[PDB]
């Protein structure tokens, strides 16, 4: 990472050109060049490159990713004084507080809304259940009722959660990792309804972000589901649109997962004070946020002074109405595994590779497995010295989850670097492999390391 400049990563659906304008003004005042980038998969690349001390100085994503980054030591603790904290809504700071520390700056609150074409549909439906018949009628004039992105579970979550789906149960001050709601009756009813929409040819399983967007902005579909960032493309299309509350399902509100766009500082950045100055004194001002918002709308901003004006816009009131009905996402490290499991479930059920019941059963099983394995791997790392009696060569015969290639590599590592150094690689390789914990417990018992085996079983439970 280069000292004396700032490199920023933000998602390609956000106003990165407006952000670049804030960076130019920063450069004008400070002499520090700001490069804004929107890499593909930046939220997956970040933890890869940052672990090795590279990456951007500043990373923007919704807050659900940041607990995972913070647990890995990838983020600097942010240090706004009390006066600056006072500028932003307390509930937005709560989104970026992880184990008692502020780990990012909150930018804006995002919730999905129903966006509809007033010329095709002056009175949008209050319920999901009326969408099939509306589509049939619209199909008669060469249009459709509703298209939205079916490739990302974020857009389908509001419907899965409506009748009772949830990610993690919050109870007694904490999210319960072992109480997960993706395979209860409410979750199945929501996904079943979506699957039925597809089975009945009211939607297409491969509709994605760009397909849904093009159709809506060209007047071909009467409704879409999207967030505030999509509004400026609709503005330039001259579709006459409204933004309103999501349709209800089974008489209950759709419950979108609410994201706080947040900006974290790379723990490896040599430019932490400059990054703090940029974020506090340039971005989180009326002018900084205006510049970004004018490019792609941010949603309900964290900055009170600016939000007082945005709150007067019906599209923002609708956003916050949908937010009230949904839930702020957890920022916990288990969030990414939850989302991966739900993505697979929705795509498998929509495409017909699995029934809804198969798809959600696997989502529940596979996410619980992920949480438990990640926790065990984290425990092995923090307690490495407990495991330094483990002899890599002795343990390999009991680890059939390792491929022949894994075994040869580990042998070579052992030859070049010794057993202790190889143990780290052993654990790192195991955790990328299916069913590793059971076999690792077995392998420890096979080597007569019963207390160690029991200690692993205990953490994995």
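Numbering follows the first chain given and starts at 1.
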{"item": "Mean temperature factor over C-alpha atoms, higher-scoring stretch between 135-143 and 298-306", "value": "135-143"}
{"item": "Of 192-200 and 99-107, the one with larger mean CA B-factor", "value": "192-200"}
{"item": "Identity of residue with top Cα B-factor, from 185, 274, 291, 263", "value": "185"}
{"item": "Most elevated Cα B-factor in the entry, residues 401, 59, 426, 49", "value": "49"}
{"item": "Relative C-alpha B-factor of residue 89, binned into the chain's lowest, middle or highest third", "value": "middle"}
{"item": "Position of residue 174 among the chain's modelled residues by C-alpha B-factor, lowest, middle or highest third", "value": "highest"}
{"item": "Within-chain third of residue 150 by Cα B-factor, per the entry", "value": "middle"}
{"item": "Assigned third (lowest, middle, highest) for the C-alpha B factor of residue 323", "value": "lowest"}
{"item": "Ranked against its chain, the third holding the CA B-factor of residue 21", "value": "highest"}
